[PDB]
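# An overview of the molecular structure
Given next are the chains, with one letter for each unit.
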Amino acid sequence: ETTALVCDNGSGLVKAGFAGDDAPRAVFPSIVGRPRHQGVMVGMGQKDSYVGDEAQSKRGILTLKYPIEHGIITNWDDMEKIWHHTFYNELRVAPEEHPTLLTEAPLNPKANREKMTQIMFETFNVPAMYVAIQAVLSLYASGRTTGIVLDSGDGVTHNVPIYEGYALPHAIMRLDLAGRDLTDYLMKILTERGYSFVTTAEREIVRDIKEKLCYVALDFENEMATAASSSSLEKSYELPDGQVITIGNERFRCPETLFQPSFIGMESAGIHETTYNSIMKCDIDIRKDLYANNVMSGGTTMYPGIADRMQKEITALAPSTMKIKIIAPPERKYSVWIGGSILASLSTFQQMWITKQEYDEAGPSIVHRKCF
Amino acid sequence: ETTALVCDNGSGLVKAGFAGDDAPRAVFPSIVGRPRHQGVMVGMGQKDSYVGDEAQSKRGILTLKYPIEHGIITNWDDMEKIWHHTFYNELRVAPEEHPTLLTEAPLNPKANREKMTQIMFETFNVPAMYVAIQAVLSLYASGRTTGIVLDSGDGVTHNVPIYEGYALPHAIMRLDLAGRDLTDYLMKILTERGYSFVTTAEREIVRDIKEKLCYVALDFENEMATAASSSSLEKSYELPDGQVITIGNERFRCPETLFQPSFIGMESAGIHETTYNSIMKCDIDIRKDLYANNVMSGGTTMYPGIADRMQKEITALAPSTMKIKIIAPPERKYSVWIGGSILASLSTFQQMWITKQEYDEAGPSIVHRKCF
Amino acid sequence: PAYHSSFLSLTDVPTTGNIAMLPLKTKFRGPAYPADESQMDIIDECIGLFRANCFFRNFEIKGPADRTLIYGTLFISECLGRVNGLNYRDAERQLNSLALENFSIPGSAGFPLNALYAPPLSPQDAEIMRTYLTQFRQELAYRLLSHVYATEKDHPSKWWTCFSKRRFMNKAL
Ligand SMILES: Nc1ncnc2c1ncn2[C@@H]1O[C@H](COP(=O)(O)OP(=O)(O)O)[C@@H](O)[C@H]1O
Ligand SMILES: Nc1ncnc2c1ncn2[C@@H]1O[C@H](COP(=O)(O)OP(=O)(O)O)[C@@H](O)[C@H]1O
Ligand SMILES: [Mg+2]
Ligand SMILES: [Mg+2]
C-alpha cells in the first residue's frame, strides 16, 4: 500500500492527511451551512449547501449547523457530505484505494461506531480503517507509554489512565463540558456588559474572541480582588462590522468554568478534581507515573495559563510527599493526529485493520470485537 | 572443584548460586504474575508473563500468585517457568553443565519430590541433583553436629532434632503456620485500624510493612497494657501512594500468632511449646544436649526480639536445672543456602548424587531410593 | 553434517556483508528478487531439512548460503518454541508480531553469532540487510505455518512441535 489516510474526526474541527508527516494537510471547521434568504440575484450556480472554510467565509447569509453534539454524530447526512468534502476537495485523493484512520471519543454509543464504519464501507468503498480512542493517540504524540491523559476537545472532555502498555477501562471517566460549552457561557456572560450575540455568526465571533483573548485564572479570588480596581486586565477587540468592544473579568471568568462546572449549572467535579478522582480510582501502585505524567491534549487545553493552574490544583489535592509534573507540548492542537499518524506508520499495526474482505461476511458488528 | 548449582526454592524467595560461594548471588521472590487488563496499547513487546523482580516491579497491573502453597508445589507449570528463569536469566549457566542441590520440607508429600526430580531430569537435562532437608543444611551452616533446628520459612515451620550425626525421624514436628499466614493476619488486623488491603499488590505492600515495622515482644500482657499509653510503640510508615500508615499494637500482635496460634483459629501449640514437645519426644539422654543447642533458622525468625522470647518461654517450660541456649546467627536468613553450599563442596558428596544414567535406568523412584 | 544449501554454488549472486542475496518467493514486501514458482527455494528446503539438521551437533560452513540456512534454522527453532499450544489465526498473529520485532543483526552487540557473521560495510548495506532479514523471516514463518497445519486447524501437530526444545547448535537468536 502506497499511503494510509488518517482522519481525526474532531467535534469542532477536522484534521486530515497522510501518514508519516505531522503537518495537517487539511484543517477546517466541521460546519455545514444552509442559506436563509431569498437570493433575488440569480446566477453563477447558487449552491444549496456550504461546508468548511467556504461556509466559514460565507456565514454572513448562512445558518451554521454543527453535525456533532458532544462527540456524538447526529446529522449523518451532513457528516457524510463533510467526509465527501474532506476526501475530494481538500486532500484531492481517491478514497477507494487508501486505508483510513478514524478517531472516536471513549464511552461513545456503539451505534455511532457501527454506523460510522458501515457508512465508510458502503458509501466510500474503502479497503479498511481503525477506530482508536484519541487518548492513545495523545500518548503517542507525547512519545511516552505511561501516564494519565487529559483530553479536552470541543465537545467532550475525557481522561484515560494508561500504565505501561495496558489501559484501565474501569478508571476511564469523561465529562460533557468542553470548548463549545465554554463558548456558550462566554456568549451568555458578554450580555452583562450589553453586547448582543445570538446568531450563529455571532457565535463564531464569540468563539474567535475566546480564541485570541481568554486565559485561565491562577487564583480566582485573587484576580477578582485585582479586577475590583479594573485598570490593567481590561482588553479590547474589533468586531468584523467595525465597532470595537472591551472585555474585563469576562476574559478569564469563562475558562474558569472548567474548574467550577457549577457556573453552567452542572453538578460535576472540575477537570482537576476529576483527574484526581480518576487517578485515585487506579491501583495503589501505578499512581507514580499517573502523578508524574499528565499529558494534556486538545485545543481547549491551550489557554494561556491552564497548565500551571492544573498543576497547582493537583498538588494541593494530592499528598505533598511526591512530585506532580504536567506535560503540555507546544504542538498541543494536533497531538491526536500526530499519534494517529505514528500509529499508522508503525509496522506492527499493518495487520490490525478491519479489511473489507472480513467485513464481507462479519458485518458492521465486527468493529467492537476487533477494535476492543 | 566441581562447582554445583545450589537452588533453594523457598516458598517466598528463590535463593540460588554456585557451590562454595560465601553468599547466594541470586535472590528474588517466587512470583509469577500475568497482566489482568485489556492492554489496548500496542508495541514495546509486552510479554505474557513476568517472573521475579520484573513481576514485583510491574505488580501494579499484574495478578501475582505464588506457585507453592505451604511448601507443597501446586502450580507445576509456573514452577517450571521459575526454574527456567533461575537457570537462564539470573545465573546464566546451562543446566546440563552443573549439578543442582534442592531442598524440601520434612513430611512433604512424596509425589512433590518425585515430580521435582522428574522435571529437573527430563526437562533441564541436569547431570545430577540431590534433595536435602532444610534443617540438616541449617545444622551445616551453624557449624555444629547436635541440637534441634527450628526452621520457619514463608511456607511452613518444622523442627528436626539431630543428635551427633543421627537424626530422629519420629520427633519431627511440622506446623503449617508461617510467614504467609502472619502476613494474612496482618492484613486482617489492619482493617480494624481502618486501612484496607485487598489485592495481591496490597499483599506485597503489607509484607513490606511487616518486613521492617514488626517485632516480637518479650512479654505480651504487659506490652499490650502499656500500649494504652501510646507513646513509644507506634511509628508511621510511608505507603507507596504517599499517605502515611500508623500502626500501634499491630506491630507486635501479628508476630504473636507464632506463640499463640489460636489467633488465626488453629488448635496447635506455638513454636515455643512444639520445640519442647519435640525435645521430649527424643531419648532421655540426648535432651540435655538438645537444650543447649537451639539453631534458629528461616526468614520468619528475623523479627527483632524473637530469640529472647523463645529462650524465656523454653526456660519456663523446661526443668530449671540445666541452661537453655538459643543460637541466632546474624546471617540466619540464608542459613539453608549456606549449609547447602557447604555440603555441596565435600569430597564424600559426589558419591551421593543421582547420576543421569542412574535415573534413566531406575525411573523417578531413585530419589526415594537414595535422597531419603 | 554434510547437508548444506543447494545455492552455495550460485554465481554472481548479490550479497550484503557476508550474507547472500538469494532469490525468494513471497507475497510480502522486500528487496528479494522473486524466484521461479516451480522450483525448490531456500525457505522450502530449509524447512524440509530442519527436522534433520536440528539433531546434528557439528556443522561446517562453506559460504554465505550456509549462513542464510543457519539463520533460517534458528528462526524455525524460535517459532517452534513459540507456536506451541496455540490456534491457527493466533499463531499467525503471534509469529508476525515476533518477526516484525526489532531484532539483533550482525555487527551489533546482541547478535550471538557475531563471530561468523561480518558487520555491514555501509549504512545503506545495513538498511538493505535489515529489510532482507525482515522479508526472509516473514516468509519463513508463513511457510512454516502453512506446512505445520497441513492436517488440522485448531491445534499444532505435536510431531512438528516436539522439536521445539531441541536447541540447534546451542546458539540461536
Ligand atoms: N489558543 C487557543 N485559545 C483558546 N481556545 C482554543 C485555542 N486553540 C483551540 N481552542 C479551542 O479548541 C477547540 C478545538 O478543539 P479540537 O482540537 O477541534 O477538539 P476535537 O478535535 O476533539 O474536536 C476550538 O473550539 C477552540 O475554541
Ligand atoms: N527481617 C525480616 N523481618 C520480618 N520478616 C521477614 C524478614 N526477613 C524475611 N521475613 C519473612 O520471611 C519470609 C521469607 O522466608 P524465606 O527465608 O524465603 O523462607 P523459604 O526460603 O523457606 O521460603 C518472607 O515472607 C518475609 O515475610
Ligand atoms: Mg478530538
Ligand atoms: Mg526455608
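Sequence order sets the numbers: each chain starts from 1, possibly unlike the entry numbering, and residues with no coordinates are not included. Chain letters start at A and ligand numbers start at 1, both assigned in the order the entries are written. Any value you read here covers just the chains shown, which are one part of a larger assembly. Hydrogens and waters are ignored; side-chain quantities use all the structure's heavy atoms.

In terms of determination method and resolution, the entry is listed under cryo-EM at 3.5 Å.

## Quick look at the pattern of salt bridges
Our working rule: Within this document, salt bridges are pairs made up of a side-chain nitrogen of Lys or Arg and a carboxyl oxygen of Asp or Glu, the two lying within 4 Å of each other. Counting from the N terminus, the helices are DSSP H or I runs at least four residues long and the strands are E runs at least two residues long. With a 1.4 Å probe rolled over the protein chains alone, any residue whose accessible area is under 20% of its type maximum counts as buried; one over 50% counts as exposed, and the rest are partly exposed.
Taken as a whole and judged by the stated rule, the model has 36 salt bridges over all chains. For the salt bridge of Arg253(A) with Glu250(A), the shortest nitrogen-to-oxygen distance reads 3.5 Å. Here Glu250(A) and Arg253(A) lie together in helix α8 (residues 250–253), a separation of three residues that amounts to about one turn. Here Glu211(B) ties to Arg207(B) by a salt bridge, and the two come within 3.5 Å at their closest N and O atoms. Taken as a pair, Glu211(B) and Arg207(B) lie in helix α6 (residues 200–212) at a separation of four residues, close to a single helical turn. Judged by relative accessible area, which is 51%, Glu211(B) ranks as exposed. Linked by salt bridges that have partners in common, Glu192(B), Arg193(B), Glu250(B) and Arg253(B) make up one network.

## Here we look at the packing of aromatic side chains
The line we're drawing: Centre distance within 6.5 Å is the pairing criterion for rings of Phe, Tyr and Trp, where only the six-membered ring of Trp is used; planes under 30 degrees apart are then read as stacked, over 60 as edge-to-face, and the remainder as tilted.
This model, assessed by the stated rule, comprises 24 aromatic pairs over all chains. Consider the rings of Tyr130(B) and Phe349(B), whose centres lie 5.5 Å apart with planes at 90 degrees: the pair is edge-to-face. Within this pair, whereas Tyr130(B) is found in strand β9 (residues 129–133), its partner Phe349(B) is found in the loop between α12 (335–344) and α13 (356–362), the two being separated by 219 residues in sequence. Using a relative accessible area of 10% as the deciding quantity, one classes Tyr130(B) as buried. Ring geometry for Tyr88(C) versus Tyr149(C): centroids 5.2 Å apart, planes at 85 degrees, classification edge-to-face. Taken together, the residues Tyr88(C) in the loop between α2 (64–82) and α3 (89–99) and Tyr149(C) in the loop between α4 (123–148) and α5 (158–161) connect sequence positions 61 residues apart. Assessed through its relative accessible area of 24%, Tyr88(C) is described here as partly exposed. Classification of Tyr149(C) as buried rests on a relative accessible area of 7%.

## What to know about the pairing of strand β18 (residues 294–297) of chain A
On a regular strand, each side chain points to the face opposite its neighbour's, so the side chains alternate between the two faces of the sheet. All names here are of chain A. Condition: One requirement defines pairing of two strands: DSSP has to find at least two bridges between them. The definition of a right-handed crossover adopted here requires that, viewed with the strands pointing away, the path from the first strand over the helix to the second runs clockwise.
Covered by surrounding structure in β18 are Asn-294 and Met-296 together with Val-295 and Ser-297, the residues of both alternating faces. In the sheet, strand β11 (residues 149–152) pairs with β18 via three bridges, with the strands oriented parallel. Within β18, the position partnered with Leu-150 by the bridge is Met-296. Pairing analysis gives two bridges linking β18 to strand β19 (residues 326–327), with the strands arranged parallel. If you follow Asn-294 over to β19, its bridge partner there is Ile-326. Regarding the hand of the β-α-β motif, the stretch spanning β18, helix α11 (residues 306–317) and β19 is right-handed.

## Quick notes on the pairing of strand β1 (residues 5–8) of chain A
Residues and elements named next belong to chain A. Here β1 shows two buried faces, one formed by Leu-5 and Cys-7 and the other by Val-6 and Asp-8. Pairing analysis gives four bridges linking β1 to strand β2 (residues 13–18), with the strands arranged antiparallel. Of the residues in β2, the one forming a bridge with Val-6 is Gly-17. Between β1 and β2, which pair antiparallel one after the other, the connecting turn spans four residues.

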